[PDB]
Amino acid sequence: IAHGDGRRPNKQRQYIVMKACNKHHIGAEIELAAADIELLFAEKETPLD
Amino acid sequence: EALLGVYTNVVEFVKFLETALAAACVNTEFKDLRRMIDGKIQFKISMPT
């Protein structure tokens with residue numbers, strides 16, 4: 001906005017802004033017993049099995 | 001010269017229950033004997049006088 005005092009005039013301006021992503025990683029560890037993975041595949045024998 | 005015969009055996013299959021030895025035993029098929037710890041037969045002999 002111009003005005004009538006002795007101040008210098010104002011040229012038009014421009015602003016240029018740069019933004020970027022941030023990478024984030026997540027990890028969880030599960031252990032499964034070897035007998036538990038095995039007997040999911042072993043065959044049915046009896047009602048107690 | 002030529003062959004005359006090629007002869008083999010057939011194995012005489014004798015199971016436990018066909019023999020008369022099972023008169024001296026009592027046969028029960030038991031699915032999971034791998035799981036048993038102990039057996040137990042419990043007598044209570046009341047003696048008269």
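Note on numbering: residues are counted from 1 along each chain in the order of its written sequence, which can differ from the entry, and residues with no coordinates are hidden. Chains and ligands are labelled sequentially in the order written, the chains with letters from A and the ligands with numbers from 1. Keep in mind that this is only part of a larger assembly, and the values describe that part, not the whole. For the side-chain quantities, the full set of heavy atoms in the structure was used; hydrogens and water were omitted.

- Method-wise, the PDB entry is recorded as coming from cryo-EM, at a reported resolution of 3.7 Å.

### Quick look at the overall build of chain B
Thought 1: If you tally the helices and strands in chain B, you get zero helices and zero strands.
Thought 2: Only the protein chains shown count as cover for residues, and all accessible areas are computed by the Shrake-Rupley method using a 1.4 Å probe. As displayed, chain B has an accessible area near 6,000 Å², and 60% of this comes from carbon and sulfur atoms.
Thought 3: Taken as two groups, the 6 positive and 6 negative side-chain charges of chain B have centres that lie 19 Å from each other. In this text, helices come from DSSP runs of H or I with a minimum length of four residues, and strands from runs of E with a minimum of two, each type numbered from the N-terminal end. Positive charges come from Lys and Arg alone, negative charges from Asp and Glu alone, with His and the N- and C-terminal ends not counted. Each charge is placed at NZ for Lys, CZ for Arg, CG for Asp and CD for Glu.

### Section: the pattern of salt bridges
Thought 1: We define a salt bridge as a side-chain nitrogen of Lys or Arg found within 4 Å of a carboxyl oxygen belonging to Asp or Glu. Applying the stated criterion to the full structure yields two salt bridges over all chains.
Thought 2: Salt-bridge contacts for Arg35(B) lead to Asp49(A); the nearest nitrogen and oxygen are separated by 3.8 Å.
Thought 3: For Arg35(B), a relative accessible area of 45% translates into the label partly exposed.
Thought 4: Across the pair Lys15(B) and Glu18(B) runs a salt bridge whose closest N-O atoms are separated by 3.8 Å.
Thought 5: Exposure remark for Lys15(B): the relative accessible area of 40% places this residue in the partly exposed category.
Thought 6: Accessibility here uses a 1.4 Å probe with only protein chains present; expressed as a share of the type maximum, an area under 20% marks a residue as buried, one over 50% as exposed, and anything in between as partly exposed. Since its relative accessible area comes to 55%, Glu18(B) is described here as exposed.

### Considerations on the environment of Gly6(A)
Residues and elements named next belong to chain A.
Thought 1: Positionally, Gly6 belongs in the segment before α1 (34–38).
Thought 2: Judged by relative accessible area, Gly6 falls into the exposed class, the value being 82%.
Thought 3: Along the primary structure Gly6 and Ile37 are separated by 31 residues, whereas in three dimensions their C-alpha atoms are 86 Å apart.

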